[PDB]
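Step one of this worksheet: look at the structure below.
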Amino acid sequence: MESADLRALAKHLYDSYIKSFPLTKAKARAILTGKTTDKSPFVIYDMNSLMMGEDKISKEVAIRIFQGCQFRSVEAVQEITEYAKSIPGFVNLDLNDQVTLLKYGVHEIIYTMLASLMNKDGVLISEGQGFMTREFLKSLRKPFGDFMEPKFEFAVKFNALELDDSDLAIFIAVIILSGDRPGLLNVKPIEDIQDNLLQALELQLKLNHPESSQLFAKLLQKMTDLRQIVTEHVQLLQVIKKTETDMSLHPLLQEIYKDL
Amino acid sequence: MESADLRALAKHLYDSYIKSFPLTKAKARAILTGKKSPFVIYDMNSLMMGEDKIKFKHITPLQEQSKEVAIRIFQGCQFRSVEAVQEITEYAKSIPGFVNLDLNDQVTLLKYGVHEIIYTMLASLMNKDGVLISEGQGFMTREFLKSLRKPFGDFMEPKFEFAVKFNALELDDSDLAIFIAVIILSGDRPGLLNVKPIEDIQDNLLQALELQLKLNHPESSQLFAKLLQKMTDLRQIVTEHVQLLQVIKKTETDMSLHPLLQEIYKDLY
Ligand SMILES: O=C(O)c1ccc(-c2nn(C(=O)c3c(Cl)cccc3C(F)(F)F)c3ccc(Cl)cc23)c(OCC2CCCCC2)c1
Ligand SMILES: O=C(O)c1ccc(-c2nn(C(=O)c3c(Cl)cccc3C(F)(F)F)c3ccc(Cl)cc23)c(OCC2CCCCC2)c1
Numbered sequence: 002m003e004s005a006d007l008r009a010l011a012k013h014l015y016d017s018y019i020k021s022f023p024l025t026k027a028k029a030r031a032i033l034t035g036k037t038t039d040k041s042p043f044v045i046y047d048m049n050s051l052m053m054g055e056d057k058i059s060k061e062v063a064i065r066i067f068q069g070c071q072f073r074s075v076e077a078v079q080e081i082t083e084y085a086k087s088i089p090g091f092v093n094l095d096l097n098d099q100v101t102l103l104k105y106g107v108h109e110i111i112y113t114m115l116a117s118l119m120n121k122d123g124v125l126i127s128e129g130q131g132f133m134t135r136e137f138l139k140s141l142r143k144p145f146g147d148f149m150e151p152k153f154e155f156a157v158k159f160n161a162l163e164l165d166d167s168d169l170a171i172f173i174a175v176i177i178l179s180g181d182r183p184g185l186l187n188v189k190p191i192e193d194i195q196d197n198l199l200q201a202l203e204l205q206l207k208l209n210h211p212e213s214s215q216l217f218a219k220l221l222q223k224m225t226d227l228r229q230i231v232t233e234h235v236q237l238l239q240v241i242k243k244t245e246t247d248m249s250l251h252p253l254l255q256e257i258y259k260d261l
Numbered sequence: 064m065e066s067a068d069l070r071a072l073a074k075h076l077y078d079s080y081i082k083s084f085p086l087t088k089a090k091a092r093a094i095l096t097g098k099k100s101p102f103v104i105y106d107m108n109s110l111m112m113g114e115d116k117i118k119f120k121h122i123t124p125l126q127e128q129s130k131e132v133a134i135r136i137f138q139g140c141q142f143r144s145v146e147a148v149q150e151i152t153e154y155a156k157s158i159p160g161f162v163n164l165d166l167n168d169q170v171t172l173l174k175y176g177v178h179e180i181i182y183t184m185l186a187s188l189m190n191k192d193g194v195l196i197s198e199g200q201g202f203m204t205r206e207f208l209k210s211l212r213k214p215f216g217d218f219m220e221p222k223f224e225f226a227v228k229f230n231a232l233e234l235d236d237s238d239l240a241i242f243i244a245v246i247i248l249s250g251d252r253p254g255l256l257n258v259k260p261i262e263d264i265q266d267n268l269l270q271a272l273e274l275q276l277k278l279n280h281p282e283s284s285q286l287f288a289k290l291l292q293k294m295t296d297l298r299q300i301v302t303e304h305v306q307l308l309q310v311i312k313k314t315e316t317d318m319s320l321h322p323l324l325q326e327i328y329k330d331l332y
């Protein structure tokens, strides 16, 4: 609750975030804007560029891309879980509430952090080694094309806030420590942690974006749109599963989606 | 370098050690010796009453957990160990020079060090008759732990065997604060990128521990050497520990936790 303490918490979370997520927004942005020789991605914009891309960096292409999304989402769940344990107080919570917070929080976080990998033309893949175009993703057949596009729609709006990794590290923590998740046993300790995270985010945004009016409020308003987009994602994903048999969901994602 | 620098480092680490860990050795020993009473778990019925009266957070039934007591206690060890890792990680940041290391090397040092540190610090909570749990609110007997069925009983006992020998050195919290730092700053962990600064810090921690032990146990002959020799018992039992855990997972079908819980505890299983 004191500034030094709030700045210390910000530094802690940023450092843990760097340790936990291999591909930061800062690195993604350097790749997307370029001007460098060594970091240029191979761009996948059609079927044949995809073929060449596998040789550089079976199933029907839409499915293969879906399985690529879910395999990375599972890895992201693992990275997010490691990050969560570094949030002060999280591992001391009731073990059931830890599961619950991760269960309902990972999806919102994956959307947030996916945006870091995206611009209006596509998304970085394979640790930034590839770039798959939005138009290619959107043109995937039957339900898959429309499954991909809303991730871009959110990302373009979220990215206009110009958050950097130091901002995102605290924002992600706030999302995880949401006391309103269904089935929480002890709301008060989660809310006490979140108030400290919210206080730290508030000061971080004031110091890092002093010219950005009410960025704190605008970012909390983004957490609202995240709740709606994750809801649409699950409903669409359920429909796809009840139509496509060639789709396995990783048992970790399978568990997260059950009862959700 | 100089005596004052080494004493300052000792005091800095001691002060941080107190801040980082919930139950110090000094407080634990007062409880173990009877100097009010912790709730005592000595059999199945006292365990049931103890979880119902006291809230032993690591041995409370989860959803999708084994109801078998031996498994529940085993997993409780793993859940507390997860908590200890974060405590050790926070302590590490207070060691002068540590946060300036390469971030990958900070991660590596903590990764390969926490097991040795958890064993070491567990000894502070243990005597030959049992172990303090829940910040000293409970005391679980060695006989109860050792009498758990199949491999679980034999998984518990080696921890007591080590602790009893380690505790004969009669280290206090000011000694342990430096010793634990020395363990973290081990230059021989696999995959370190820049060993030189890690050994430079460890050499300072070693000088500080050597002087600490001379001043705090002037009558304890070659205590510095005997404590470094305990790295032999520590490296060996962590090795044994890994083999034991493997047998349990490749044998026990009733160990299922919610996959998100499995992910949280993934480095300790
Ligand atoms: O690296 C990451 O951090 C990363 C993170 C996320 C995705 C991703 N997840 N995702 C989902 O639907 C999804 C979500 Cl958001 C949350 C949870 C579960 C899922 C799902 F299980 F259902 F999969 C996308 C849809 C559209 C798009 Cl463009 C991306 C995703 C991701 O994409 C990897 C590559 C996409 C292009 C082809 C090659 C692989 C990468
Ligand atoms: O408070 C602490 O600082 C504390 C510290 C350690 C333990 C502990 N760790 N441990 C391990 O096996 C272990 C080790 Cl040493 C190193 C690394 C990882 C593990 C493991 F992940 F595999 F778990 C025990 C075995 C036997 C016994 Cl008696 C204890 C431990 C500890 O136990 C708490 C339990 C509460 C419920 C009732 C039973 C004791 C508490």
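Those protein sequences? They're chains R and P, same order as listed.
Under the working numbering, the first residue of the first sequence is numbered 2, with each subsequent residue one higher.
Under the working numbering, the first residue of the second sequence is numbered 64, with each subsequent residue one higher.
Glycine included, each C-beta is placed from N, C-alpha and C at the ideal position.
Whole-angstrom distance between R:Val124 and P:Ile180, CA atom to CA atom: Between P:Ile180 and R:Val124, the C-alpha separation is close to 42 Å.
Rounded C-alpha distance that separates R:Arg65 from R:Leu250: A direct Cα-to-Cα measurement between R:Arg65 and R:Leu250 gives close to 12 Å.
Hey, is R:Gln71 close to ligand 1, as in C-beta under 6 Å from one of its heavy atoms? With a cut-off of 6 Å, the C-beta of R:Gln71 is classified as near ligand 1, since at least one heavy atom of the ligand falls inside that distance.
Quick one: any contact between the stretch 247-261 of chain R and the stretch 223-236 of chain P, if contact means 3 or more CB pairs under 8 Å? In this structure the stretch 247-261 of chain R does not touch the stretch 223-236 of chain P; the number of beta carbon pairs closer than 8 Å is below three.
If you draw a straight line from the alpha carbon of P:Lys99 to that of R:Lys86, how long is it in whole angstroms? It is roughly 33 Å from the alpha-carbon of P:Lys99 to the alpha-carbon of R:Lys86.
For P:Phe137, is the classification buried or exposed, using 16 other Cβ atoms within 10 angstroms of its Cβ as the cut-off for buried? It is buried - the Cβ of P:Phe137 has at least 16 other Cβ atoms within 10 Å.
Check whether the stretch 204-216 of chain R touches the stretch 164-177 of chain R, taking contact to mean three or more Cβ pairs, one atom from each stretch, closer than 8 Å. Judged by Cβ distances under 8 Å, the stretch 204-216 of chain R makes contact with the stretch 164-177 of chain R, as three or more pairs qualify.
Measure from the alpha carbon of R:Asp95 to the alpha carbon of each residue in R:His210, R:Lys189, R:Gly35, then state which is nearest. Here the closest residue by C-alpha is R:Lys189.
Verify the CB distance criterion: does P:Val170 have a CB-CB separation below 7 Å to chain R? With 7 Å as the cut-off, P:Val170 counts as an interface residue toward chain R.
Kindly list the residues whose CB is nearer than 7 Å to the CB of P:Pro101, restricted to its own chain and excluding five residues on each side of it in sequence; keep chain order. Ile94, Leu195, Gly199, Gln200, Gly201, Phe202, listed in sequence order.
Check each candidate in R:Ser4, R:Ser74, R:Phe72, R:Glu61 and name the one with the smallest Cα separation from R:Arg142. Looking at the Cα atoms, R:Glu61 is the closest of the given residues.
Residue nearest to P:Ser83 in terms of C-alpha spacing, selected from P:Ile158, P:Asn163, P:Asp317, P:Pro253: Here the closest residue by C-alpha is P:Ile158.
With 7 Å set as the bound, which would you pick, yes or no: does the beta-carbon of P:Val177 sit closer than that to a beta-carbon of chain R? Not closer than 7 Å to any Cβ of chain R, the Cβ of P:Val177 fails to qualify, so no.
Which residues does DSSP list as the beta-bridge partners of R:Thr82? Beta-bridge pairing links R:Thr82 to no other residue.
I'd like to confirm something about P:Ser197: is its beta-carbon nearer than 6 Å to some heavy atom of ligand 1, or not? No, ligand 1 has no heavy atom inside 6 Å of this Cβ.
Just to confirm the assignment, what range does the beta strand (DSSP E) spanning P:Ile104 have? Start and end: 102-104.
Proximal residues of chain P, C-beta to C-beta of R:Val92 below 7 Å: Residues of chain P passing the Cβ test: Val145, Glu146, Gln149.
Give a yes or no on whether the minimum CB-CB distance between P:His75 and chain R is below 7 Å. No, its Cβ sits nowhere closer than 7 Å to a Cβ of chain R.
Given that R:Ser179 touches chain P, what residues does it touch there, using C-beta distances under 8 Å? Simply none; closest approach about 15 Å.
So if DSSP puts P:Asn257 in a beta bridge, which residue, or which two residues, is it bridged to? Residue pairing by DSSP leaves P:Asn257 without any beta bridge partner.
Are there any heavy atoms of ligand 2 lying less than 6 Å away from the beta-carbon of R:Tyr112, as far as the coordinates show? No; taking the cut-off as 6 Å, the Cβ of R:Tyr112 has no heavy atom of ligand 2 nearer than that.
Tell me whether R:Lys152, by its Cβ, gets closer than 6 Å to a heavy atom of ligand 1. Indeed, a heavy atom of ligand 1 lies less than 6 Å from the Cβ.
Backbone secondary structure at R:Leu125 - three-state DSSP: R:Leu125 falls in the strand class under three-state DSSP.
Put P:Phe119 into one of helix, strand or coil per three-state DSSP. The DSSP-derived three-state label of P:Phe119 is coil.
Okay, do the stretch 96-116 of chain R and the stretch 175-187 of chain R touch, 3+ Cβ pairs below 8 Å being the bar? Below 8 Å, enough C-beta pairs join the stretch 96-116 of chain R and the stretch 175-187 of chain R to call them touching: three or more.
Determine, using beta-carbon pairs with one atom in the stretch 290-303 of chain P and one in the stretch 115-134 of chain P, whether at least three such pairs fall under 8 Å. Using a Cβ-Cβ distance cut-off of 8 Å, the stretch 290-303 of chain P and the stretch 115-134 of chain P are not in contact, since fewer than three pairs of beta carbons, one from each stretch, lie closer than that value.
Compute the minimum distance between the beta carbon of P:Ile122 and the heavy atoms of ligand 2, and state whether it is under 6 Å. Indeed, a heavy atom of ligand 2 lies less than 6 Å from the Cβ.
Inter-residue spacing [alpha-carbon to alpha-carbon] between P:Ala91 and P:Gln292: Looking at the two C-alpha atoms, the distance is approximately 25 Å.
Residues of chain R with CB under 9 Å from P:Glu326, in chain order? Those are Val78, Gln79, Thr82, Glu83, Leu103, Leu253, listed as they occur along chain R.
Any heavy atom of ligand 2 closer than 6 Å to the Cβ of R:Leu227? No, since every heavy atom of ligand 2 falls outside the 6 Å radius drawn around the Cβ of R:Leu227.
Which class does R:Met224 belong to by DSSP, given the choice of helix, strand or coil? Here DSSP, grouped into helix, strand and coil, assigns R:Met224 to helix.
Could one say the Cβ of R:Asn97 lies closer than 7 Å to chain P's Cβ atoms, at least one of them? Closer than 7 Å to some Cβ of chain P, the Cβ of R:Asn97 qualifies, so yes.
Contiguous beta strand (DSSP E) assignments of at least 3 residues, all confined to the stretch 109-162 of chain R: Fully enclosed beta strand (DSSP E) runs of no fewer than 3 residues occupy 123-126, 131-134 of the stretch 109-162 of chain R, in order along the chain.
Cutoff 7 Å: R:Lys143 Cβ touching any chain P Cβ: Contact of R:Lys143 with chain P is not assigned, every C-beta pair being separated by 7 Å or more.
DSSP three-state assignment for P:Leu72, whether helix, strand or coil: If DSSP states are grouped into helix, strand and coil, P:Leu72 belongs with the helices.
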